[PDB]
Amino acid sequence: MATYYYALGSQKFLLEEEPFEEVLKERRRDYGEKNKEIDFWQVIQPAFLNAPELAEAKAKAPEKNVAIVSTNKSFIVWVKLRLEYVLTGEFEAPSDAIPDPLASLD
């Protein structure tokens, strides 16, 4: 298993108001330029949220949600500072509850 860090918000906020996939795209391009393995992803309606270890987060989460996920904690620290209205946390994967850290429930 590896540890995944996440910032979770509503689709309203992260897909429409502040389409964060814009910032992710420029980060992906810069990673490419530097020959760096991409270690961050946007996941819409993430399946990880149904894991028992994340019950507290699911209990507070928007009905229609989306996560920025990374194996680099630093990045998620900055995503939280950048967006602020996001829940944050971490999980280990793959596991029984989270067989695919990047899977969507849609």
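The first residue of the shown sequence is 1; numbering continues from there.
K.L.:
Averaging C-alpha B-factors over each stretch, which comes out higher, 22-30 or 60-68?
P.N.:
Result of the comparison: 22-30.
K.L.:
Averaging only over Cα atoms, indicate whether 44-52 or 31-39 has the higher B-factor in the PDB entry.
P.N.:
It is 31-39 that shows the higher mean C-alpha B-factor.
K.L.:
Ranking the modelled residues of this chain by C-alpha B-factor as given in the entry, is residue 17 in the lowest, middle or highest third?
P.N.:
Tercile = highest for this residue's CA B-factor.
K.L.:
For the chain shown, is the CA B-factor of residue 86 in the lowest, middle or highest third of its modelled residues?
P.N.:
Lowest third.
K.L.:
Can you tell me whether residue 7 has a C-alpha B-factor in the lowest, middle or highest third compared with the other modelled residues of the same chain?
P.N.:
Lowest third - that is where residue 7 ends up once the chain's C-alpha B-factors are sorted.
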